[PDB]
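Colleague: I am attaching a structure below and will ask some questions about it afterwards.
In the deposited numbering, the protein residues as written are 21 to 70.
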């Protein structure tokens, strides 16, 4: 099932790059590294395996 779709597999509810999580709270692409200070954040838990 290769013939058909191409380009690049982009996100849908988190338009960010490698190693980032989009939070609906503040509305922005946060960094997974932020967890170091905010381990209990929406984007934190959403980052690893959305």
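Ideal Cβ placement from N, Cα and C applies to all residues, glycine included.
What do you reckon, are the CB atoms on residue 34 and residue 41 nearer than 8 Å?
Modeller: Indexing the chain shown from 1 puts residue 34 at position 14. Indexing the chain shown from 1 puts residue 41 at position 21. Result yes, Cβ atoms of residue 34 and residue 41 sit closer than 8 Å.
Colleague: So, under 8 Å CB-CB, residue 43 and residue 62 are touching, yes? Tell me the CB distance rounded to an integer number of Å.
Modeller: Taking the first residue of the chain shown as position 1, residue 43 is located at position 23. Taking the first residue of the chain shown as position 1, residue 62 is located at position 42. About 5 Å separates the two Cβ atoms, so the contact holds.
Colleague: Run through DSSP, which three-state label would residue 49 get?
Modeller: Looking up residue 49 in the chain shown gives position 29. In the structure shown, residue 49 sits in a strand (DSSP, three-state: E or B).
Colleague: Given a cut-off of 8 Å, decide if residue 64 and residue 55 are closer than it, judged by their beta-carbon atoms.
Modeller: Taking the chain shown and counting its residues from 1, one reaches residue 55 at position 35. Taking the chain shown and counting its residues from 1, one reaches residue 64 at position 44. Yes.
Colleague: Going by the DSSP bridge assignment, what does residue 40 pair with across the sheet?
Modeller: Reading the chain shown from its first residue, position 20 is the one you call residue 40. 51, per the DSSP bridge assignment.
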